[PDB]
Amino acid sequence: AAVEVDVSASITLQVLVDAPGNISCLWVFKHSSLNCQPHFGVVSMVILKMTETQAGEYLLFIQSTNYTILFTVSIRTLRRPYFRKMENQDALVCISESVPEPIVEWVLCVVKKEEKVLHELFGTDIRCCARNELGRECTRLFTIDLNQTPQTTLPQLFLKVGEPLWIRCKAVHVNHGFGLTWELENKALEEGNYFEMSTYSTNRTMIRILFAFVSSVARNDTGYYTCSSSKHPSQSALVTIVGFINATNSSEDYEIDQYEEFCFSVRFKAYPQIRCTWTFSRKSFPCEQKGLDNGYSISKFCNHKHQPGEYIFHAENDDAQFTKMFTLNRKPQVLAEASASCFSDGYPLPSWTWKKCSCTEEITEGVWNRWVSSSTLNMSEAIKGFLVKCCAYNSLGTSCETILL
Amino acid sequence: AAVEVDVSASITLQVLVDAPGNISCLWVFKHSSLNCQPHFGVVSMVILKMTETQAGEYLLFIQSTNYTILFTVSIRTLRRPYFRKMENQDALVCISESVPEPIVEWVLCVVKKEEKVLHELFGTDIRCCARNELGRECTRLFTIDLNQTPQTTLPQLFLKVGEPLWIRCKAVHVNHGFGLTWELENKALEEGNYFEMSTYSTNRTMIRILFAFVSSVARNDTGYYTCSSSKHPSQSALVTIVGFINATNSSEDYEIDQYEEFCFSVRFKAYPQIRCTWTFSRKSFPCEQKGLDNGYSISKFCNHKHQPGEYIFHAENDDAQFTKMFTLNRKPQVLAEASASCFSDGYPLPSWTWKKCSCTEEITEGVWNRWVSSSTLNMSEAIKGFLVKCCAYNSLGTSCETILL
Amino acid sequence: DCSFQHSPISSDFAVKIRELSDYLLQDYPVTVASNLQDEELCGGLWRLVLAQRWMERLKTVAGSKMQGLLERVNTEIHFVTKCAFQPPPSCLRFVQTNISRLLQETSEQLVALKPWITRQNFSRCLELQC
Amino acid sequence: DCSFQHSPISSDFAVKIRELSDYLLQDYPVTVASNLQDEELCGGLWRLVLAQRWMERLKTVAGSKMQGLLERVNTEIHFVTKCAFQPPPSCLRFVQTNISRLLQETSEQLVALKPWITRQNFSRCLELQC
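Taken in order, these protein sequences are the chains called A, B, C and D.
Counting from 157, one number per residue, gives the positions in the first sequence under this note's numbering.
Counting from 157, one number per residue, gives the positions in the second sequence under this note's numbering.
Counting from 4, one number per residue, gives the positions in the third sequence under this note's numbering.
Counting from 4, one number per residue, gives the positions in the fourth sequence under this note's numbering.
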């Protein structure tokens, strides 16, 4: 009796009763009447693209007997992973929300371990991924490796007020003789905002994880965080409490000849990871929204197909939108040298030079208004029996026509 | 220390020692002396177009210490792997010849084990590969799996007289209670032409390898070989002692309309594996010379690009050559109805019918010589103010043009 | 009776023993018969039967992964149970030895037995002798 | 003296012991002190020193691959050698036990010692008492 309609679906709704004979129906739609003609007995109401309008209480009364049927027609997300430390032991848990419910897989780079609960948190590149019908959204665990070379860019960590902050500080040392410490914006760190794990490596080496976390962030928690080890250099990262998209949308113009190898570019610092689309003359193609690691992500587009015009880049996240307009751009041809004047078309502006001597001497003169250019010269000549020639010049090439006198 | 000179090359030969100071050198060329003046310490001998004369033993003696350096200046095949059973134990060895000497890797499918000596010969797809500067040539060990489904095609094994024959017969059974046996063309098999290996699998399973081999083949050894197991069905393979290319070079003709999906084909039984080339209007493209496993290899070509004409397939091996000519061939189009006459092109022969009445009456007349057809009708008309129309008809379609009078 | 038509001795058995030995504490105490009658036909077979009895005992006190290595060596010599070998006689004395010793001897016995396993009638080996 | 500034007890030590146990013949004979004085500060430390001495002895009679598992458990408790522990007193009696027993106890001792390893001065633990 309960109907579940998924989007603008095209399905048929039929019901059969074990008694085929000369029996008549009458459809009773959502507060409106409807006529029917069925088969012998099975009756039906089919629908192509069921709109939110075409849903609800739909009854069907029959008479041989005097029966009545009723149907309730009803209608049918991917939020990025969050982290929570298991209160039981020294292990992290991936809390990803989505409709349909997704596959939660921990990837330590590469090695994939689909568990939703990670206990082997030591080193490498740790990132949790959620995968459902919609797709795959991933949240990477922010790491500071004091053991590794510095990215010396004072890394910037962005997150919306209320979101959970997670910063793992990893340090590798020869002996176990070393400590790790966290420090906020000058201030140290809350007792319920720190946790320390430790294990051994190769030739009796020791790896230490001193991670810091915030349950729900606020403006209070925004600031410059630094991790220092008692055998390692203090590396830092600033936390910016905020969705946004920062990029120059000046709408840039370009021009090239079908012989040049070129890719359109867009540098942007945006959080959360934006959904981008490169559209042109209605035909839209998605983008490889890769990271430049400098402190921004640079999206590129290469399949120009030497096609001229407007290439628009629209990028948007959950709480922000953006668009940037990219403009893109022959031998002169004498369209017509009818009479007396001469017209030529070309790109760029064709230059019209005149010559008139019948040894070819030239005289100069004329008015020009324009790309197609129309330049003329009055033909009032004292002398006769000559030929004049109109010349249209362009950096690419030249063409000309001659007239008789 | 070993130098490889490719043709009359122009390169520099320098050597540096971590001690720049007031030190002197002396070059000692091929049985002749030579003077030097280097940099602080790095010494050098540069050459422009190294002739077969300018190659060999080149020494360089130094004094602060009293050192001496020596260089061997040399100037710039790939025979497929062969097999030999190690006389020591139950293991096979890959004998691949090549200049430069190649990398000999055994691949059991996939798993690669670069050893030149394989002892773990049990099951899967065993193939040895040789890889040098020229490239990679591979010889697959012929296997007959009685345990596996039959390829029931009476597999054909080809090899040149003198080459070594290798046929591994693998059978998998539950208990160890089973045997294996080899039988030639009715005759059984020589005592120094058989070997049996055995191991255990999964839940106390047993795998048996009863391989047969010929050190150097001859016409005597050509024939139908069969392997039978005392718990398995007898599967067979025929051995053809043999360079040749067998294929029908009838030179086939074809024709299609730019709306049909088609690929040119060539079935051929050829040994050794042939080098094939699909050439058309000088533009030559190589081929995917894949095997049909039936008893021949079928090469295909699909990138027709609806382009009409001669597509020639030339295939050749070390001791044999071949070529097959493939012809390829619309609505008639009036190429030009200039003045007075009218021309149309089409396949097949376009029919030219004329009409001339200005109610559209028609008159017939004209000479035609041609596929492009040129048919005309003298325009000497007693009457005027009419339009004539030229009609080109083809079974596929029709087109026409009108002229004015 | 006791005989084998096709060979129950693997070619790669020495591999399964080296693999077991790679995870073994070599001086683990096992036993070997000290007074087995000299019989170059039944000899190795009697010890394999005994070594086989040990592979089973060991599996019961072995860890999850050691169980696999024992079982895999057990398979190499399990064929001895295809024959109704009588329980050891009262005269048979056992002596404590390293499991490395037992494994080494087992390998040796398989080697010596390999060329004869299918050619001999081992019916009289069923009764172990002192 | 004997003290540790930063913690020499790993979080994943119970893993290395379960991994060793997976390839062990559990009733392999080892020893444990039978009469160690009741001292809830030095107790576990004394046994870890002894268990540690056993990991070394075991490595010498272990196969190529068992050597790695022993050594990896040895690393978890090798810190005890950072302290000049005196040789066992003449009063100390040892009793034969299964290696599974020794491994289990070692795990337990590491657990109990974990919260205190860096807070206590273990200078008086250097002399084992009966």
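Every residue gets a Cβ at the ideal spot worked out from N, C-alpha and C, and that includes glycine.
Asked: 8 angstroms CB neighbourhood of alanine 247/A in its chain, flanking five on each side removed; Found: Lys241, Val273, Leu274, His275 and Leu277
Asked: Neighbour list for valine 64/C in chain D, Cβ cutoff strictly below 8 angstroms; Found: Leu28, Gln29 and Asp30
Asked: Distance between beta carbons of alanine 286/A and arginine 236/A, contact taken as under 8 angstroms; Found: 7 angstroms
Asked: Under the three-state DSSP convention, the category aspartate 246/A falls into; Found: coil
Asked: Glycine 291/A: first and last residue of the uninterrupted beta strand (DSSP E) it sits in; Found: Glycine 291/A -> no beta strand (DSSP E), and no H or E assigned at all.
Asked: Classification of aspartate 449/A by the beta-carbon crowding that lies within 10 angstroms, buried from 16 upward; Found: exposed
Asked: Cβ-based burial, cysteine 325/B [other Cβ within 10 Å; buried from 16]; Found: buried
Asked: Complete runs of the beta strand (DSSP E) confined to the stretch 344-432 of chain B [at least 3 residues]; Found: 350-357, 361-370, 379-385, 388-397, 400-402 and 420-427
Asked: Cβ-based contacts, 7 angstroms cut-off: residues of the stretch 64-82 of chain C near chain D; Found: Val64, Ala65, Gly66, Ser67, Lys68 and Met69
Asked: Residues from the stretch 327-356 of chain B in contact with chain C, defined by Cβ distance under 7 angstroms; Found: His332, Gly333, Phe334, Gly335, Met353, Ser354, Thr355 and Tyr356
Asked: Terminal residues of the alpha helix (DSSP H) in which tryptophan 49/C lies; Found: 46-63
Asked: Candidates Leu39/D, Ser37/D and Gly47/D, of which the one nearest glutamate 111/D by Cα; Found: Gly47/D
Asked: Proximal chain D residues relative to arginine 360/A, where beta-carbon distance stays under 9 angstroms; Found: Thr78 and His81
Asked: Run of the alpha helix (DSSP H) containing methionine 206/B, from where it starts to where it stops; Found: First-last for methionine 206/B: undefined, no H or E at that position.
Asked: Local Cβ density within 10 Å of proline 92/C, reported as buried at 16 or more and exposed below that; Found: exposed
Asked: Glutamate 444/B beta carbon less than 8 angstroms from that of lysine 461/B; Found: no
Asked: Endpoints, beta strand (DSSP E) assigned at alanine 327/B; Found: 321-329
Asked: Contact set between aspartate 449/B and chain C, taken where Cβ atoms lie within less than 8 angstroms; Found: Neighbours of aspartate 449/B on chain C: none; closest Cβ ~32 angstroms, over 8 angstroms.
Asked: Short CB-CB distance (under 8 angstroms) between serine 110/D and chain A; Found: no
Asked: Spatial distance of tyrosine 214/B from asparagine 222/B (CA atoms); Found: 18 angstroms
Asked: Minimum length 4: unbroken alpha helix (DSSP H) runs contained in the stretch 61-114 of chain D; Found: 67-80
Asked: For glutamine 29/C and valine 64/D, believed in contact at Cβ under 8 angstroms, the rounded distance; Found: 5 angstroms
Asked: Assigned secondary structure, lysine 511/A (DSSP; H/G/I helix, E/B strand, else coil); Found: strand
Asked: Rounded straight-line distance, which links the Cα of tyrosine 452/B to that of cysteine 419/B; Found: 18 angstroms
Asked: At least three beta-carbon pairs within less than 8 angstroms, the stretch 434-444 of chain A to the stretch 467-480 of chain A; Found: yes
Asked: Residue burial classification, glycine 291/B (beta-carbon count within 10 angstroms, cutoff 16); Found: exposed
Asked: First and last residue of the uninterrupted alpha helix (DSSP H) at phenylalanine 16/D; Found: 16-24
Asked: Residues from the stretch 242-266 of chain A in contact with chain D, defined by Cβ distance under 8 angstroms; Found: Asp246
Asked: Secondary structure of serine 126/C, DSSP reduced to three states; Found: helix
Asked: C-beta neighbour in chain A for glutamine 8/D, strict 8 angstroms; Found: yes
Asked: Collapsed DSSP secondary structure at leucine 274/B in the structure displayed; Found: strand
Asked: Meets three-Cβ-pair contact criterion under 8 angstroms: the stretch 296-312 of chain B and the stretch 337-352 of chain B; Found: no
Asked: Per-residue burial, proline 442/A [other beta carbons within 10 Å of its own, 16 or more giving buried]; Found: exposed
Asked: Contact residues within the stretch 9-24 of chain C, judged by C-beta distance below 7 angstroms to chain B; Found: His9, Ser10, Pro11, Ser13, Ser14 and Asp15
Asked: Residue-chain proximity (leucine 105/D, chain G), Cβ-Cβ < 8 angstroms; Found: Of the chains in the structure shown, none is chain G; the protein chains are A, B, C and D.
Asked: Nearest-angstrom Cα separation, counted from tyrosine 26/C out to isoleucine 102/C; Found: 12 angstroms
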